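Have a look at the structure below, then the notes.
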Amino acid sequence: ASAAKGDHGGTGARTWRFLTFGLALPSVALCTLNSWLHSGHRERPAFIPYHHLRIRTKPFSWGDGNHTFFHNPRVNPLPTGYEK
Amino acid sequence: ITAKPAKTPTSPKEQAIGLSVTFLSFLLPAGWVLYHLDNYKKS
Amino acid sequence: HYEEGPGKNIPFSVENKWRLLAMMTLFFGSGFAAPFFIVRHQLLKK
Amino acid sequence: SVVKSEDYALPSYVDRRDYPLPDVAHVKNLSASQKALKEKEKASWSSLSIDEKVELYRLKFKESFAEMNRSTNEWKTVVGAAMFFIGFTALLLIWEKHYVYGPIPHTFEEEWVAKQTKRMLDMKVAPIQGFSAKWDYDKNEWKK
Amino acid sequence: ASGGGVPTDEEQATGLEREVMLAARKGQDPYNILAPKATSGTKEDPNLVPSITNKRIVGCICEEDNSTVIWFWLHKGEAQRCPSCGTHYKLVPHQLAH
Amino acid sequence: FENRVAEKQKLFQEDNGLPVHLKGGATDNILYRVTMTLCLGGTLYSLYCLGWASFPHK
Amino acid sequence: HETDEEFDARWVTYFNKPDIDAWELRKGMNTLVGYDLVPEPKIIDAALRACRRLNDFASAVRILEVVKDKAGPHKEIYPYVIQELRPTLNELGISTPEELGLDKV
Amino acid sequence: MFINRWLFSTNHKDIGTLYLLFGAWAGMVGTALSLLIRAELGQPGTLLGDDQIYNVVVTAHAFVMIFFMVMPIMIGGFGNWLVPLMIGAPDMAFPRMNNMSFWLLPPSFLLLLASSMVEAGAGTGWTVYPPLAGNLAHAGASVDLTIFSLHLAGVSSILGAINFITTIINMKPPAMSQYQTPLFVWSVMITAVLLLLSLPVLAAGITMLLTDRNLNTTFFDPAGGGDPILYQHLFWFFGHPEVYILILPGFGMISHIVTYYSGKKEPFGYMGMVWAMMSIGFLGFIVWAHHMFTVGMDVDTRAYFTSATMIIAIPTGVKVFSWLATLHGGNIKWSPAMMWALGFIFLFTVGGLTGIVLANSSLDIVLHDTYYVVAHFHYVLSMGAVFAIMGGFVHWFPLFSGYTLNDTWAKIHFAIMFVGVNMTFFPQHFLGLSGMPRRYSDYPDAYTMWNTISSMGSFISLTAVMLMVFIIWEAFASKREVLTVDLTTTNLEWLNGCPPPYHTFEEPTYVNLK
Amino acid sequence: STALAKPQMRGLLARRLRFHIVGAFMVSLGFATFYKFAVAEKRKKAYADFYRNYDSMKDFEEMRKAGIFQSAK
Amino acid sequence: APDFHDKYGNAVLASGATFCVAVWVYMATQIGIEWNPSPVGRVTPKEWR
Amino acid sequence: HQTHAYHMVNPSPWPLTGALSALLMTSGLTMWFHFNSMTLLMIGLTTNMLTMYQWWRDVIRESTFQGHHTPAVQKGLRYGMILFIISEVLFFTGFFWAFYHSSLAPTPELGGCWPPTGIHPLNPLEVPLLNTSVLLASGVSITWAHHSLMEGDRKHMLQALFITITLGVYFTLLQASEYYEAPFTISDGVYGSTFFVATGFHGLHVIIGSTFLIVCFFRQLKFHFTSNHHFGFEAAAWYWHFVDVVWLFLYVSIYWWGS
Amino acid sequence: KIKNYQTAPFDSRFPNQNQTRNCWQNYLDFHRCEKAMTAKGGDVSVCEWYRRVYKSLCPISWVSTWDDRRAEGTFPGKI
Amino acid sequence: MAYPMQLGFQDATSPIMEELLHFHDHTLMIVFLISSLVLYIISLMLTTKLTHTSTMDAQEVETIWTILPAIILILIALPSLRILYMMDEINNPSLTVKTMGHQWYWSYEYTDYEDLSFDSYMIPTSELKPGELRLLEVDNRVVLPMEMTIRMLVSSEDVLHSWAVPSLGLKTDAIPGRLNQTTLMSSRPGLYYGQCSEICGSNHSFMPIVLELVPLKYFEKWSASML
Ligand code: HEA
Ligand SMILES: CCCCC/C=C\C/C=C/C/C=C/C/C=C\CCCC(=O)O[C@H](COC(=O)CCCCCCCCCCCCCCCCC)COP(=O)(O)OCCN
Ligand SMILES: CCCCCC/C=C/CCCCCCCCCC(=O)O[C@H](COC(=O)CCCCCCCCCCCCCCC)COP(=O)(O)OC[C@@H](O)CO
Ligand SMILES: CCCCCC/C=C/CCCCCCCCCC(=O)O[C@H](COC(=O)CCCCCCCCCCCCCCC)COP(=O)(O)OC[C@@H](O)CO
Ligand SMILES: CCCCCCCCCCO[C@@H]1O[C@H](CO)[C@@H](O[C@H]2O[C@H](CO)[C@@H](O)[C@H](O)[C@H]2O)[C@H](O)[C@H]1O
Ligand code: CUA
Ligand SMILES: [Cu+2]
Ligand SMILES: [Mg+2]
Ligand code: NA
Ligand SMILES: [Zn+2]
C-alpha cells in the first residue's frame, strides 16, 4: 500500500519512528492549527420549545432532576428555555 | 454398566418413606398457599 | 489434597441417607415453594 | 470372580452379543481340580464329559447367549407403576377442584348455553363446516 | 540511534516456560507439545510411548482421515495392540523426570 | 530503575504452600480481607435494600 | 470393494494362520460379527480349528452361539450350518450349545 | 477446605457440578411457575384475580427455564464436565475466569426474583417490548432489575463462550484434528460461537431500553423520533440464535446417546453431522424477522424471511436421518437414556414440522401470538431440550457420581413424563388454530375443553418431577458403585473411572501422527 | 435322511430394509392421500357448494329478523 | 430364580391400571368439572331475544 | 507432576468477589436511578476495582514471576483476546444499527428529515477532525513502540508508548470539551440519544484502553517484558487499534455522513 | 376534477403496509398549498385534494397534535 | 368465532382466509407424510435382532435426504408466496377506517366524509344479556359494509396492541407513531370476533373486536346516526 515512500529493505523501529515524527505528529499540529483558527465562540441557537427535544420522561437522578450531565447554560436550554 | 450391590441398601419400606417425604415437601407449602388464595385475595 | 471417589466430589454429604433426604427436600422444596410465596407476597401488597 | 473399582484401567469382561469373545476370561484363578481340567483340554475333546465341557465354558464366560438375551417381566412393573402414579395425579386434581377453584361463570349454566347456542345459530357461526352447517334450519334440529 | 535494555527470554524466562524453552533447544519434548511420529507399529518396530508412571492413555487414529480415535490404557510390560487396527505400542519409562 | 525481576521470581516461586494471591506477604492478606469484608457487607446491605424495596411505603 | 468369494477366502486364510494367537482369534470373531451376514461354514470351520490349535474349547462353543445369534429370526440358517460343520464337530469333539444345555435359560 | 474447593474452584468438574445443582434448583422454580400458569387457565374464570401477577408469572417462567435452567445445565453443566474429558485436556483454558461464569448466575437470578417482588413485577413477556416495558407503562424498578439480571447472565455466557472456543481450539492433543473431535464437543463449540455473536447485540438492545427508561434517551420512543420496532430487531437478532443455542448441545448429546446404545463405534455420516450443525449455526443468523411477520414489514422482506427460514429444514433433516441411520443395524440396549433419545427424535420432529408451518408469513398472520406458537416451541424445548437433558443426565450420572440409578424407576419416570408433556401440549395446537391468543389469563368459553385437558396434563408432569428427585435420592442413599462400562474405546470420558479423579490428564494422552 | 438346502446368508439386514422401505413410503403416502381425499377435497367441495347457491341478502335478512345487529332492526 | 418383576409384575400391572382408571373416571365425571363439550346434537337451542 | 504445558490455576477468591461486585454495581445503579442513593454503587465500584487489581496482579505473578505462560498458554490468551474483541465489535454494531435505523428513515415527529429540525450538528471539519488525527497518530506511535520492544530498545519503547498514552489523553480531554460545548444533549430525541450513547461508550473504551496502556508502561519501566514475550503489551495494542477503528466508523457515520 | 371522492386511492409512492408517510406527506402538501394560496389572495379550494386524503388517512390525534404545534410555532416540518 | 371442541381454523369469511385454509391443508398433508414416515422408520430400526455394527458408507444416501426435502420445501413455498403477494395486492378500497389501540379498549375513526369516532369496550360479565358471549362482546361494534374492499389503518396511542380477526385472515400490530395498513373484505354479512394479540398489560385478555357486516345502505344510516 503506497502514496509516496520506500523503506522495506532495512527498517523497523526506525521506520515507524520516522513515520511518527515525519508524518503522524505533523498532521496533528496541522489539524490543531486548523482547529485553533475556528474557535472563538458560536451564536447560541434560538430557543424553540420543540416537543421532540428536551425529553423528560423521568427526572435525572442528580441535581434538580432537570439538568443533563454536561449541561452548558450558554448553549443548552431547559424544557422551559435558556437559564437567566 | 455393571455395579457393586448397594453399600447401604434402601429397602422397600425405606423407599416408601423417601418417596412420601419427597412428595410432601412439594405438595404441602404449595397446597397451603393455594388453599389460602381467597384470604389473600381479600387484601 | 481433596477427597476423591464416590460421594466425595460433591459439596453435600451423602454419608447418612436420612440427613441427605432432609437436605434435598429443603433444597428442591425451597425452589418449588418460592414462586407460590412470591405470588402470595404480591397479592398481600395489595 | 470379584471385579474391583481400581481395575478400571485394566481390560474387563463383558457379555455382549456383539462382542462375543471378551478381553479376559470370566474366572482367572483356578483351583487344583480346575488346573487339571485345563490340562485335560489340551488333549482330545472327545475325552471330556458333558459336565467338564460345561465347566470349561463357565470358566471362560459368565452368561451364555441364551442367558444374556433373556427377556424379563420388567415391562409389567414399569407400566403398572406408571399407571399408579398417573392415577395418583388425579387425587391432586380432585383436591384442587375442591379447595382451590371457586365457581365457574354463569355463562356455563344450561339455560345460558341453550340460549347462547340459538344466538350462535342466529348469526350462522361457522355456517360452512364448523357449527351452523350442522343445524338443519328447515327442520329446526341438529342434522342427523 | 538504538540502545538495548530489554531483557531476553534466555536471560529472564523462568519455571515451566524456561523448561520448555531449554528442552526445545536440545530437540526434546518433555511437556508433549508436539505430535509424536508413528513407527511401523509391528511387533518388532512398536510405537514407543514415554510415560512417567506405569500406564498412559493412547489414542490410535488407525487410518488417515478416520473421525474416530480408539482410546485404551497402555500398561508397562509387553507391547499392546490397538484393538481396532492391531498396531503395536509399548510403554517406555521416564526421561521427563529431572 | 533497575531490573529486580529475578528477586520476585525467587519470592513467588518459594515452595511455602501459599496460593499466588497470598504469596506476597502481609499486604496480600490485608487487601484480601478488605476486599472480602466489603463484598460480604455490601451483599448484606443489598439484601436489606431488596427487602426494604419489596414493601410499599409513604 | 471386493466380492463374496474374495471375502470368504480372506477370512478362511485369516483363521488358518498356523500360529494364530489368542488376541487374533478374538479380533477376528469380534470383527466378523460386525458384518451384515452369518459367516459361511468354511469360515466357521477354520475358526473352530483355530480354537483347537489354541486349546480353547469354550471359545469354540461361543462361536457356534454367535452364528445362531447373527441369523436372528432366520431359523433355518443355524441347523444348515451345523449340518455342514458336523464332520468337523465330530472330528474335534466339539459339542453344540444345545448339546451342553447352554441354549436354555 | 470446603471454601477453597467450592467457592474458589478452578476445576472444570466441580464447576460443572455447581452448574448442575444451580440448574436443578432453577428448574424447580420454573416448574412451579409453569404450574401457576396452568392452574390459572385450568378452568374458566379468574384464579389469581390479578392479571398483572399472571403476566409476571408467565414472564418469569420463561426467563427461568431459558437462562437459568437450560443454558446452565447444557453448557455450564455438561459442557464443563464433558468437554475437557472428551479431548484429553487437563482443564479449561481459563479455569479461574470459568469460575466467574458460574458465580455470576446466582446474583443474576437474585435480581430476576427481586424484580418480581418490588412494585408490581415485570409483566412484560420475556421479549420485554417497549412501550410496555417503558418507564410509563412499567414505572419503577422491576423492569430495570430484569435488565440487570440479563446483563449478568450475558456476561457470564460470553466469558463461558470465550473459554469453550479457546479450550476446544487450543487444548486438543497435537495430532488430533478438529475432524476427530466428538460431536458433543462440536455442538458446544458451535453454540459458543452463536453466544459470542448474539449476546452482545441483546446487551446493546437492553442497554438502550435502560437509557430510555432512566436517562431520557428516546431510542424506542416515537415522541423523540425513536421506533419501538428497532427494539424488536435487536432482540430477535439475538433471540433466534438463542433458540438454536438452546438445542445444539442437545443435538450433540443425542448423537452420543444414540451411538452408545446402538452399540456403534461412531455416528452415521460424522462429517454430514458437522456440516448440518455449522449450517444451522449460520442460517440461524439471517432469519430473525419471522418473529415479526405482523409488524408491517414490506412484502419482499417477508418473502425473503419465509424462504431463508425454510432452508433450515434441510441441514436439520440430515441430522434426523443420520440418527435413524445410526440405529440401523444396532445392537439396541433399551436403557432409560435411550428412551429419552428416541422420544427426543420423534417429538423434536413434530415441533420442527410446526415451525415450518409458522415459517410461512402468509399463514403466520393467523397463527402469530396464538397458542399454536406455544404448542410449537414447547415441543422442541420440553420434549427436545428437556428430553436431551434427561437422557444426558441418566447416561452420564454414573460418570459424575460413581453411583448407578435404579433403571426400573428411571423407566417409570420416562413413561409418566412422556404422557404428561403430550397431554399438556398437544391440545394447544387446537387452541391456536381456533384462535386463542397467547398471554391471556382467561379465555372465551368455547376454549374450555382443551385448556382443561392441558392443565390436567401439567399435573402429570409435576408427578414425574417429584419422582425424579426421589430417584436421585435413592441412588445416593443406596450407593451402588460402578465397576464396568462398555465401549470405552470410543468414549474417552469414561476411561478415568467413575467419578474421574480431581485432576485427569496430568500426563496427557499419546496420539500418533502417522 | 435329507440335508437342508443352503439358505440366503448375506445381506439379511439390507434385504429387510429393501422391502420395508417400500412399505414405509406406501403408508406415508397413504396417510397423506387420506388427508387429501377425506379432508382437503371435502373442504374445497364444502366451499364450492356453499357459495354456488348463496344469497348474501337473504342471509342478511334472516339475521336482521333474528335481531342480531345494532345497526339494522 | 424369580426376580422382583417375576413375583410382583402382574399384581403391579393389574392394580396400577385399575386404580388409574377408577380415579380418573371418578374425577372426570363426579366432581363437577365443566368440560364444555360441543352443543352439537346435545343441546336444544332456546330463544334468547 | 504434569507433563502437559498448560496452567492449573491455584484456587482463587477473585471470581467470587468479581461476581459479588457485579451484583453490587447493578443493585447500586438500581438504587441510584430509583432512590437517589449512591452508596451501594460506590461500594460495587470499589470492590470491582479491588477485584480487577488483584486478579490481574496474580496473572502477572503467574507469568512474569512464576513462568507459567508456556507457548501453549500464551497461544490460548491470544485466542481469548481476539474473541473478546469480536464480542465488543458486535456490541458496537448494536448502536450503529440504532443510528442507521433512525437516520435513514427519519420520522414525522423529527420533521421527517435528518438531522432533525432544531438540531445543530458539530462541524466535522473542526474538533472531530483533530480527534481523528489524534487517534490515527497514536496508532502510528504504538506500532513504533511495538517494534522498539521487539528490537530490544528499552528507551524508545518507553518514549513511543508515552507519546501514545499522551495522544489518548488529549483525545479524552478534547472529547470532554466537545461534550461540554455541544448545543444538543442526550435528551434531544434520538439524535442526542444515538450520538451520546455511541460516542460515550467509545469514550469509555478509550479510557479503558489508555489505562491498559499505562499498566503496560509501568510493567515496561519495571522490566517485565522480554523482546519475545510481552503478550500484555500485544493485547493492549490490539485493543488500541480496535478503539481506533471504531472511532473511524463513528466519525464517518455520525459526524460526517449523519451531519 | 375527481369528485365522487370515496376514499384515498392507492398511491404508488407508498405501496407497502406502512402508510405513516402517506398521512404525513399529504398533511404537509395541504398546508404548503394553503400557505401559497393565501400569499397571493388565491382560492384554497385548489388544495382540497390533499385535505381529503389526509383527513381519510391520518388519525384525529395526529392531525390535532400537528395543528396545535403549527399554532404554537413548534411544528417541525417545513411549511 | 370459535365453537367448543374446535380442532382447526374458524370458517373463512374472506377469500384470503379461504385461500389460507386450503394452503394449510396442503401443508398439513406434507406434515403428516413426513411425520408418519419418520415414525414408521424409527420403529423399523428397533424391531429386529439382525445387526450390522461396522462402518457404513454415507455419501449416496445423503443425496436423497438432501434433494427430497428441498423439493418438498419448494412445493410448500411456491403457493405460500403466491398467497403472500395476494394478501398485499392492489386494492382500490371504497372506504378507509382507522382503529387505534389503547389500554384497554379500541377506538374507531371513519373520516372519509364526516368525523365519526367512538370507543369500543368489552361488556363486563355481569352486564351480559342472555345468549351473549363472555369476554367477546363490545358495547359498540365496528359496523362495515359487506362485500366491499375496506382499508383498515391500525395504530396505537399508547403501548403495542394488535388488531386481529381470525375468520377474516386479519392480524396487524398496532404501534404508536406508526400507521399499518391491511385490507378487509367480507363475503358474508354477520358478526365476526377477534381479540387483542400483542401483550399490552393487565387487561390484554379483555379488549375484544367485534365486526358487524351489513349492506351498504344500512351502513350509511348507521354512520349518520353515530355522529
Ligand atoms: C429449541 C428451540 C426452537 C427450535 C429448535 C425451533 C426451530 C424452528 N422454529 Fe421455532 N420457536 C422457538 C423455539 C424453537 N424453534 C421459540 C421459543 C419460539 C417463540 C418465541 C416467542 O414468541 O416467545 C419460536 C417461534 C418460531 C416462529 C415465530 C412464529 C410466531 O411467533 O408467529 C417461527 C416462524 O418461522 C419459528 C420457526 C421455526 C423453524 C422453521 C424451526 C426449524 O429450525 C425447525 C427445523 C426442523 C424440522 C423441519 C424437523 C426435522 C426435519 C426433517 C425431519 C426433514 C424433512 C422436513 C421438511 C422437508 C419440512 N419458530
Ligand atoms: C469522554 C467521556 C466518556 C464517558 C464516561 C463519562 C462519564 C459517565 C459514565 C458513562 C460511561 C458509560 C456509558 C453509559 C452511557 C451514557 C453516557 C454517554 C456519555 C455522556 O456523558 O453523555 C452525556 C450525558 O450523559 C449522562 O447522562 C451521564 C449519566 C451517566 C450515568 C451512567 C449510566 C450507567 C449505564 C450503565 C449501563 C450498563 C452497561 C452494560 C455493560 C454491558 C454488559 C454486557 C452528554 O452530556 P449532555 O449534558 O447530555 O450533552 C452535552 C451538553 N452540552
Ligand atoms: C458483511 C456482512 C454481510 C453483508 C450482507 C448484506 C446485506 C445486508 C443489508 C445491508 C443494509 C442495506 C441498507 C440499504 C437499504 C435501504 C433499506 C432501508 O433504508 O430501510 C430502512 C431502515 O434500514 C436500516 O436501518 C438498515 C440498518 C442495517 C442493519 C442490518 C442488520 C444486519 C447487521 C448484521 C451485523 C453484522 C456484524 C459484522 C460487523 C463486522 C427502513 O425502511 P424505510 O424505507 O424507511 O420504510 C419507508 C416506508 O415508510 C414507506 O414504504
Ligand atoms: C465507570 C468506570 C469503570 C472503568 C474503570 C477502568 C477499568 C480499567 C480496566 C483496564 C484494563 C487493564 C488490564 C491489565 C491486565 C494486565 C495483566 C497482563 O497483561 O497479564 C499478561 C497476560 O495477558 C492477559 O492476561 C490479558 C488480560 C486482558 C484484559 C483486557 C480486557 C480489558 C476489558 C476491561 C472491561 C471492558 C468493559 C467494556 C464495557 C462494554 C501477562 O503476560 P505477559 O504480558 O506476556 O507478561 C509475562 C512476561 O513478563 C513473561 O516474560
Ligand atoms: C401446583 C401444585 C398443586 C399441588 C396440590 C396440593 C396437594 C394438597 C396438599 C395438601 O395441602 C394441605 O391441604 C390442607 C387442606 O386439605 C391445608 O389445610 C387447611 O385446611 C385444613 C382442613 O380444612 C385445616 O386443618 C388446616 O389448618 C388448613 O391450613 C394445608 O394448609 C395444605 O398444606
Ligand atoms: Cu391491547 Cu393486548
Ligand atoms: Cu426464530
Ligand atoms: Mg406479537
Ligand atoms: Na383464568
Ligand atoms: Zn488403531
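When a ligand or atom number is given, it counts from 1 through the structure's own listing order. Residue numbers start from 1 in every chain, and the chains themselves are labelled A, B, ... in the order their sequence lines are given, proteins ahead of strands. Values below: all heavy atoms of this structure, side chains included; hydrogens, waters and symmetry mates excluded.
- H:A359 CA, 3.1 Å is the protein heavy atom nearest to atom 35 (O) of ligand 1.
- Contacts between A:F60 and ligand 2, counted as non-hydrogen atom pairs separated by less than 4.0 Å, are absent for every part of the residue.
- Ligand 1 does not have H:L246 within reach: every non-hydrogen atom of the residue lies 4.0 Å or more from it.
- Here's the thing with H:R438: one of its N/O atoms is less than 3.5 angstrom from an N/O atom of ligand 1.
- Listing protein N, O or S atoms at distances below 3.0 Å from the Na ion (ligand 9), with waters left out, gives H:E40 O, H:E40 OE2, H:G45 O, H:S441 O.
- When only modelled atom types and interatomic distance are considered, H:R38 and H:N451 share a side-chain donor-acceptor pair under 3.5 Å.
- Using a cutoff of 4.0 Å between basic side-chain nitrogens and carboxylate oxygens, H:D364 and H:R302 are not scored as salt-bridged.
- Considering backbone and side-chain atoms alike, A:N72 places every N or O at 3.5 Å or more from each N or O of ligand 2.
- Counting heavy atoms under 4.0 Å from ligand 1, residue H:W126 touches it through the side chain alone.
- Between the CG atom in K:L41 and the OG1 atom in K:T30 there is a gap of 10.0 Å [rounded to 0.5 Å].
- Remark: minimum distance from atom 48 (O) of ligand 2 to any protein heavy atom is reached at A:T68 OG1, 2.4 Å.
- Proximity of atom 51 (C) of ligand 2 to the protein is indicated by at least one non-hydrogen atom lying closer than 4.0 angstrom.
- The protein heavy-atom contact nearest to atom 21 (O) of ligand 2 is A:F70 CE1, 3.5 Å.
- Under a 4.0 angstrom heavy-atom cut-off, H:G154 registers as lying outside contact with ligand 2.
- Between H:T316 and ligand 1, no pair of N/O atoms sits closer than 3.5 Å.
- Only side-chain heavy atoms of A:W62 come within less than 4.0 Å of ligand 2; its backbone N, CA, C and O stay farther off.
- Residue K:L204 places a heavy atom under 4.0 Å from ligand 2.
- In H:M310, neither the side chain nor the backbone holds a heavy atom less than 4.0 Å from any atom of ligand 1.
- Using a 4.0 Å cut-off between heavy atoms, H:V155 contacts ligand 2 through its side chain alone, with no backbone atom that close.
- When non-hydrogen atoms are compared, ligand 2 lies under 4.0 Å from the side chain of A:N76 (C-beta onward) but not from its backbone.
- Looking only at protein heavy atoms, the nearest one to atom 31 (C) of ligand 2 is K:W32 CZ3, 3.8 Å.
- For H:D369 and M:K171, the salt-bridge test fails: no basic side-chain N is under 4.0 Å from an acidic carboxylate O.
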